[PDB]
Amino acid sequence: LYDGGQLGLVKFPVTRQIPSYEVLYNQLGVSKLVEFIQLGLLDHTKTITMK
Amino acid sequence: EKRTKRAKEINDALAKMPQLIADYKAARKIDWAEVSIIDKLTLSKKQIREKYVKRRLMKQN
Amino acid sequence: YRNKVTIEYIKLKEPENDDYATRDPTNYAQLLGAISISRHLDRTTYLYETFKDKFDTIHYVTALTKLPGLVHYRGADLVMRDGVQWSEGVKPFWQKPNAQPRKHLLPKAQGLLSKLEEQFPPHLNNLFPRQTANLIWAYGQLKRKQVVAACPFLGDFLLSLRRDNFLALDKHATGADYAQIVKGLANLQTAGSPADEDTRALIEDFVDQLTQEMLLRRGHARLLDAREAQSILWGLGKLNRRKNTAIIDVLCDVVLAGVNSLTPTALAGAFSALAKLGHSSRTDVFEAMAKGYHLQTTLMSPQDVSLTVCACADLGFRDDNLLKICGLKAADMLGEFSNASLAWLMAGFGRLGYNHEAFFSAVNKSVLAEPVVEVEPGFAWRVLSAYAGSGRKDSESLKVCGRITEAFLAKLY
Amino acid sequence: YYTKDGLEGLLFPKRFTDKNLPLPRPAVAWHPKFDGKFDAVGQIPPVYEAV
Amino acid sequence: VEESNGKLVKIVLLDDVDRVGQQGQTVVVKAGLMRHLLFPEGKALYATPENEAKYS
Amino acid sequence: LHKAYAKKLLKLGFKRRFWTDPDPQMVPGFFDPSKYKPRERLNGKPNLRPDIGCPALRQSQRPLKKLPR
Amino acid sequence: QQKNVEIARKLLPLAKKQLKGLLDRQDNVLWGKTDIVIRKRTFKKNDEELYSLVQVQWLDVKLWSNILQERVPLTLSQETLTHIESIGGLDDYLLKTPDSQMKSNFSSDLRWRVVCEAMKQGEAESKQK
RNA sequence: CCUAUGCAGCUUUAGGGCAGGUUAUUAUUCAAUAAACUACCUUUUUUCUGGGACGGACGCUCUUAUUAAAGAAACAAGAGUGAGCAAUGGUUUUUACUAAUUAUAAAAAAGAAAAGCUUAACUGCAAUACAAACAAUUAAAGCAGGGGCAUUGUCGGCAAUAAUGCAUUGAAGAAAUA
Ligand SMILES: [K+]
Ligand SMILES: [Mg+2]
Ligand SMILES: [Mg+2]
Ligand SMILES: [Mg+2]
Ligand SMILES: [Mg+2]
């Protein structure tokens, strides 16, 4: 990775913004939830929980 | 509380803004009643403007 | 001063108390400290060889009393507990039955002790009851371990205490002295080789006189706590002193008051001691001890389980909660129990008439899994008795009993 | 709204019953900084209903 | 005396002193004074909890 | 980034998605008082020392200096 | 203990010689509360660390001992002198402390002398009273 | 002799340090701090070049030869520059005027000067191209907001071609969290 002495990669600025903590959640789409119910893997006649 | 105070300050400043603009324009207008160069009939209008406008602005400053 | 400087001061903390590990003692007190806190036999031997002539009565007594602790058991005869640390009455391990000392430590201890015994005799007449008790206790430990076979000065130690109707004890007796004397004598009469007939008679006679005249008649039992009282009960049980029950009741009362301080290894000893003596009328005492196993189940070992069950069967005390605790603990420790030990445990349940589903279910699964089973005549009848007494039925116990019978018939000595 | 211990009880209740342990208790309330993020405090055994 | 770094000590007087005080009085005196004169002469003792109860 | 430089970074295993890393302590209900650390400012200065610095920012390894004695 | 040895090995070559000289005086003085302190220097413009020793100021004093009826010369540090004065003097210091804490041959010999003399006088006085 | 990821010894008013002595200040009955003097420890002391040293040079524009597309080197040649302007910027009107720049055949519906009003020397974005190893550098139709002069056109600094400096570290105004 050495470029001969020019060191062109460290001539760019630095950003310090902190991403939102919600990037640590598991994402579930509504379209995927319906597909499971249609196939019969989920019971739609009772409350659905994360369990 | 801080947001309320900051909003109050800006509102007051905008209320006084029209008067500040009027003074700004007025201070740069030539008052021909105090000009004696025309009596001399020697200098042009531009030279008259510089001579008297500069004196007024510096005195105000 | 272009380059600014920051200064930090670091203090080197040191232990408050000195360990006499490397320096040579140069005073009466320093020599005593080095001997007492010695860590290895090589250190004790070095001190004796170099400073042999700078010894007094106290120095000889201290060296003898610390020698038993410098003799270590084999690492193969010890099992380490999970996360247990040294504390008051609790060790980080439990001992397997009949533990043996380290191979390379016996000759050192025997050689060192022989030298000490040679120079001691002149100091026999300058001993106090505390010093006599410690010497008796030390030798008993040295006999339980394979260091000595008898105490050369036993006749003198017993005479010193007995003279003048225990006059020396009447003024310089404490709770520790009685616990050490009785416990030491018991280990000198039962541990290792059984005994000599004359030695047995003298020890038993002295213990009977000491207990009645001092602890009972003079009420010196007030100086005993739960632990000291328990130690005396164990000693009496090993000596089979069943004739006098007045002291047993007094000792049981002390144990009852301080039940909370006893650990599972001490409660089991009390059960066995009472079972040996046949004292089974103290149901209240048994109930209090049983209540002590509820919270300290993590400090129980296979020896405690075996002793508790056998003692209960002999005493005839049946507590469902206590038996349930022992059964569940034994089910997991099946790998630690020996074939003979596990047969006695099964027989104990049969005598009590208690059927423990988890315990017997685990045993049956293990026996069936074994391809070739070899049951010995010594315990073949015990395991069969346990199944019959425990009421185990055709589900899988008949198959286990069937294999038991076939293995026994396979040899038929 | 679930806490660290509460989420475990929701997902694996058998992990506690098999050991004869009581289930984790639910939280009392959430920090005000999260107002507008949650509608109710989760119950370790959820209450199922008909739909 | 706590922050005196050993320069000042609490003293219990056993006998009347010309300037330090009277018998039974607890006072503060310079460390050097007690070290050289009051202590070796036997006119006072250090203000330990045991000495205070016994004498003060 | 220029294609030649980008491929080297990917070939070395560069896969960052955000400018910085998320803080697990910010997730509601998962705050651990024991593992508390005040937020610090990221350092932007590369380690360019040719003796103990980054091997990608120097042409070759230089000998270490002498210790004070 | 492990950290103490690690720090000691980082001392400057001349500071190590000074440290050994200080330790060799333990048997000749009343060690008491004397402790070892290390000086560490750090700089803003470089990542360099210098380790050196901080010396102990020894004081020669004469303390009164009523049991011995004598002024005993002693070499002390300021902290040790403060502790002895607070506890109640030389006699109380020697009679309230076990031999293990002394950590000095000079101190141990002095303590042993006081203890034996105290017992003799006390026994005689007790028999009288 | 020259060339090195060079090595070593020696010297000093080359940089940094205090770890012995002296000296200064302070404190306890052989101690702590140091922009000083002596001793000691550690570190630095470019490249190009008709060999090296000595001398000279290193950014950015214009012009000359290698023809009339572009491009093109040498310690080749001839000249500039590290700014200035609150108007010498923006925009309307008039006419006996058509210059000047370091240098130069720019320019007539264009400029310069004179007279009047002004702050676009803006906020948020941008198709498509010139150039170019990369970094950056250059031109720009058009859309929304608030304005200036006109009255439906122009204004995102200055005829054009030079008047410059990455990241890091530091500092200021405002806003959002915690
Ligand atoms: K040449
Ligand atoms: Mg060169
Ligand atoms: Mg590019
Ligand atoms: Mg317009
Ligand atoms: Mg323009």
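With ideal geometry, Cβ positions are generated from the backbone for all residues, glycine too; neighbour counts draw on all protein chains shown. Since every read-out is calculated from the coordinates, none of them should be taken as a lab result.
So how tilted is helix C:154-172 from the main axis of chain C? Cα-based, degrees 0 to 90, rounded to 10.
Tilt relative to chain C: about 80 degrees.
So which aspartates and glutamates pass the test for F:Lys66, namely a Cα distance under 19 Å, with those fewer than 8 places away in the same chain ruled out?
F:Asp51, G:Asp47, G:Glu48, G:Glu49
Under the rule of -39500 (n - 2.57) per DSSP H run of 4 or more residues, summed and divided by the residues of chain G, what mean residue ellipticity at 222 nm is obtained, to the nearest 500 deg cm²/dmol?
Details: 6 runs with 62 residues, N = 129.
Estimated from H runs of four or more residues: -14500 deg cm²/dmol.
In µm²/s, what is D for chain D at 20 °C and 1.002 mPa s, where D = kT/(6 pi eta Rh) by Stokes-Einstein and Rh is the Kirkwood radius from Cα pairs?
Values: Rh = 12.3 Å.
The calculation lands on 175 µm²/s.
Please list, short to long, the whole-number percent of alpha-carbon pairs of chain C in consecutive 10 angstrom bins beginning at zero.
Pair shares across the bins are 4, 18, 24, 24, 16, 8, 4, 1, 1, 0.
Taking +1 at the Cβ of each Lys and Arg and -1 at the Cβ of each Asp and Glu, which of G:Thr80, G:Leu23, G:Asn66 sits farthest along the dipole of chain G towards its positive end, judged by Cα position relative to the Cα centre?
Looking along the dipole axis, the top candidate is G:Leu23.
How large is ³J(HN,Hα), in whole Hz, for each residue of the range F:33-42 in order, when computed from phi with the Karplus curve 6.51 cos²θ - 1.76 cosθ + 1.60 and θ = phi - 60°, using x for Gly and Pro?
Computed from phi, the couplings for the range F:33-42 are x, 5, 8, 9, 8, x, 5, 10, 8, 5 Hz.
Take the residue pairs C:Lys91/C:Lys183; G:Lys96/G:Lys120; A:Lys32/D:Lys14; C:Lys11/E:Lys7; C:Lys96/C:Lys365 and return only those whose Cα atoms are more than 22 Å apart. Each step should come with its number before you reach the end.
Working: C:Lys91/C:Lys183 20 Å; G:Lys96/G:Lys120 18 Å; A:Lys32/D:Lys14 28 Å; C:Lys11/E:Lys7 24 Å; C:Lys96/C:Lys365 25 Å.
Too far apart for the 22 Å limit: A:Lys32/D:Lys14; C:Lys11/E:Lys7; C:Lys96/C:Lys365.
If every alpha-carbon in the range G:59-129 counts as one equal scatterer, what log10 I(q)/I(0) does Debye give at q = 0.13, 0.20 1/Å?
Summing over Cα pairs of the range G:59-129 leads to -0.39, -0.88.
Please list, ordered by chain and number, the residues whose modelled amide H lies under 5 Å from the amide H of E:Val29; skip anything fewer than 5 residues away on the same chain.
E:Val9, E:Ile11
Under the rule of -39500 (n - 2.57) per DSSP H run of 4 or more residues, summed and divided by the residues of chain C, what mean residue ellipticity at 222 nm is obtained, to the nearest 500 deg cm²/dmol? Please report the intermediate quantities before stating the final value.
Numbers: 18 runs with 242 residues, N = 413.
So the helix-based figure for chain C works out to -18500 deg cm²/dmol.
Loop only by DSSP, 10 or fewer other Cβ within 10 Å of the Cβ. Give me the trypsin sites (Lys or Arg not before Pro) in the range C:227-303 that pass, ordered by residue number. Intermediate results must be reported in sequence, preceding the final value.
Numbers: sites: C:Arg227, C:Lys238, C:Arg241, C:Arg242, C:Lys243, C:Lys276, C:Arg282, C:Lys291; in loops: C:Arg241, C:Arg242, C:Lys243, C:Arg282.
Counting only loop positions with at most 10 other Cβ atoms within 10 Å, the trypsin sites (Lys or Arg not before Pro) in the range C:227-303 are C:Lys243.
Cα to Cα, under 18 Å, and not fewer than 8 places away if on the same chain: which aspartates and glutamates meet these conditions relative to E:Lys54?
Counting by Cα, and skipping residues close in sequence, E:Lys54 has these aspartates and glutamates nearby: E:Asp15, E:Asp16, G:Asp91, G:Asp92.
Between B:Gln60 and C:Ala150, what is the spin-label point distance in nm, taking each point 7 Å from the Cα along the Cα→C-beta axis?
That separation, rounded to one decimal, is 12.9 nm.
Measure of size requested: the Rg and Dmax of the range C:256-363, with Cα atoms as the atom set and Å as the unit; please supply both.
Here Rg and the maximum Cα pair distance are 13.0, 39 Å.
On C-alpha positions alone, give me the angle between the axis of helix G:13-23 and the longest principal axis of chain G, in degrees, nearest 10.
Once rounded, one gets 10 degrees.
May I ask you to evaluate 6.51 cos²θ - 1.76 cosθ + 1.60, the Karplus curve with θ = phi - 60°, for each residue of the range C:332-349 and list the ³J(HN,Hα) values in order in whole Hz, giving x for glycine and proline?
Whole-Hz 3J(HN,Hα) from phi for the range C:332-349: 7, 8, 4, x, 7, 5, 7, 4, 6, 5, 6, 6, 4, 4, 4, 4, x, 4.
Taking only Cα atoms, what is the 0 to 90° angle, nearest 10, from helix C:357-369's long axis to the longest principal axis of chain C?
Roughly 80 degrees between the two axes.
Along the positive direction of the dipole of the range C:9-77 (beta-carbon charges: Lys, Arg +1; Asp, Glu -1; about the Cα centre), which of C:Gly33, C:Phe51, C:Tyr9 reaches farthest?
Positive-most Cα among the choices belongs to C:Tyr9.
Among C:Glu16, C:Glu88, C:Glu197, whose mean-square fluctuation peaks in a Gaussian network model of chain C (Cα, cutoff 10 Å)?
Taking springs between Cα atoms under 10 Å, the residue moving most is C:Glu16.
Report, in debye and to the nearest 20, how large the dipole of the range F:23-69 comes out about its Cα centre when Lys and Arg carry +1 and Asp and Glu carry -1 on their Cβ. Don't skip to the answer; put the middle values down first.
Details: 11 positive and 4 negative charges, 104 e Å.
Using Cβ point charges on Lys, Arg, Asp and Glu, the range F:23-69 gives about 500 debye.
Determine the dipole magnitude for chain C: charges of +1 sit on the beta-carbon of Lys and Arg, -1 on that of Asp and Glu, nothing else is charged, the reference point is the Cα centre, and the result goes in debye to the nearest 20.
Values: 49 positive and 45 negative charges, 119 e Å.
Result for chain C is approximately 560 debye, rounded to the nearest 20.
Counting only other chains, what is the mean number of Cβ atoms within 10 angstrom of the Cβ of each residue in peptide C:24-30? Don't skip to the end; give the middle numbers.
Values: counts 1, 2, 4, 7, 6, 10, 7.
Per-residue shielding by partner chains comes out at 5.
Suppose every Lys and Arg Cβ carries +1 and every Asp and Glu Cβ carries -1, with no other charges. What dipole size does the range G:15-112 come out with about its Cα centre, to the nearest 20 debye? Spell out each step's value before the answer.
Working: 15 positive and 14 negative charges, 112 e Å.
That gives the range G:15-112 a dipole magnitude of about 540 debye.
In what sequence, highest mean first, do C:250-259, C:369-378 appear when ranked by Cβ atoms within 10 angstrom?
On the way: C:250-259: 18.8, C:369-378: 10.8.
By packing density, highest mean first, the sequence is C:250-259, C:369-378.
When N is the residue count of chain B, what does its C-alpha Rg come to as a fraction of 2.2 N^0.38 Å?
On the way: Rg = 18.8 Å, N = 61, 2.2 N^0.38 = 10.5 Å.
Relative to the rule-of-thumb radius for its length, chain B sits at 1.79.
Structure shown: which of G:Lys3/G:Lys33; C:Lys291/C:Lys393; A:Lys11/F:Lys15 lie over 29 Å apart, alpha-carbon to alpha-carbon? Walk me through the numbers before you get to the answer.
Values: G:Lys3/G:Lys33 21 Å; C:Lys291/C:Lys393 32 Å; A:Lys11/F:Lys15 20 Å.
Checking Cα-Cα distances, C:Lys291/C:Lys393 exceed 29 Å.
Which of G:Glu79, G:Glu49, G:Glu117 ends up with the largest GNM mean-square fluctuation for chain G, with Cα atoms connected below 10 Å?
G:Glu49
Counting other C-beta atoms within 10 Å, and keeping those with at most 13, which DSSP coil chymotrypsin sites (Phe, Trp or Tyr not before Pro) do you find in chain F? Show your work: numbers first, answer last.
Working: sites: F:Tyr5, F:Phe14, F:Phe18, F:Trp19, F:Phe30, F:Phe31, F:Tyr36; in loops: F:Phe14, F:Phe18, F:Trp19, F:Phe30, F:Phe31, F:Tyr36.
Answer by residue number: F:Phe14, F:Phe18, F:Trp19, F:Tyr36.
DSSP loop (so not H, G, I, E, B), at most 15 other Cβ within 10 Å: list which chymotrypsin sites (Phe, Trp or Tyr not before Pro) in the range C:1-71 pass both filters. Write out the running numbers ahead of the final one.
Values: sites: C:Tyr1, C:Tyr9, C:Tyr20, C:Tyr28, C:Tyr46, C:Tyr48, C:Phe51, C:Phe55, C:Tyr60; in loops: C:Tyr1, C:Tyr20, C:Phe51, C:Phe55.
When the chymotrypsin sites (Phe, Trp or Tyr not before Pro) of the range C:1-71 are filtered for loop state and at most 15 Cβ neighbours within 10 Å, C:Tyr1 remain.
What residues qualify as long-range amide H neighbours of G:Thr75, i.e. H under 5 Å apart, gap of 5 or more or another chain, H built at 1.01 Å from N?
G:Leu30
I need the calculated FRET efficiency for the pair D:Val47 and D:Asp5, taking r as the beta carbon distance and R₀ as 22 Å, to the nearest 0.05.
Values: r = 19 Å, r/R0 = 0.89.
About 0.65, to the nearest 0.05.
Based solely on its DSSP helices, what 222 nm [θ] is calculated for chain F when runs of n ≥ 4 H residues each add -39,500 (n - 2.57) and the sum is averaged over all residues, nearest 500 deg cm²/dmol? Please report the intermediate quantities before stating the final value.
Values: 1 runs with 10 residues, N = 69.
When only DSSP H runs of four or more count, the value is -4500 deg cm²/dmol.
What residue among C:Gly278, C:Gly348, C:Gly269 has the largest mean-square fluctuation in a Gaussian network model of chain C, using Cα springs under 10 Å?
Among C:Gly278, C:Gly348, C:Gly269, the largest GNM mean-square fluctuation belongs to C:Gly278.
Using θ = phi - 60° and the Karplus form 6.51 cos²θ - 1.76 cosθ + 1.60, what ³J(HN,Hα) does each residue of the range A:8-23 get, whole Hz, x for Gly and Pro?
Working through the residues one at a time gives x, 6, 9, 8, 10, x, 10, 10, 10, 5, 8, x, 5, 5, 6, 5 Hz.
Rg to Rh for the protein assembly as shown: what is it, with Cα atoms only and Rh by Kirkwood? The partial results should precede the final answer.
Numbers: Rg = 43.5 Å, Rh = 38.4 Å.
Result for the protein assembly as shown is an Rg/Rh of 1.13.
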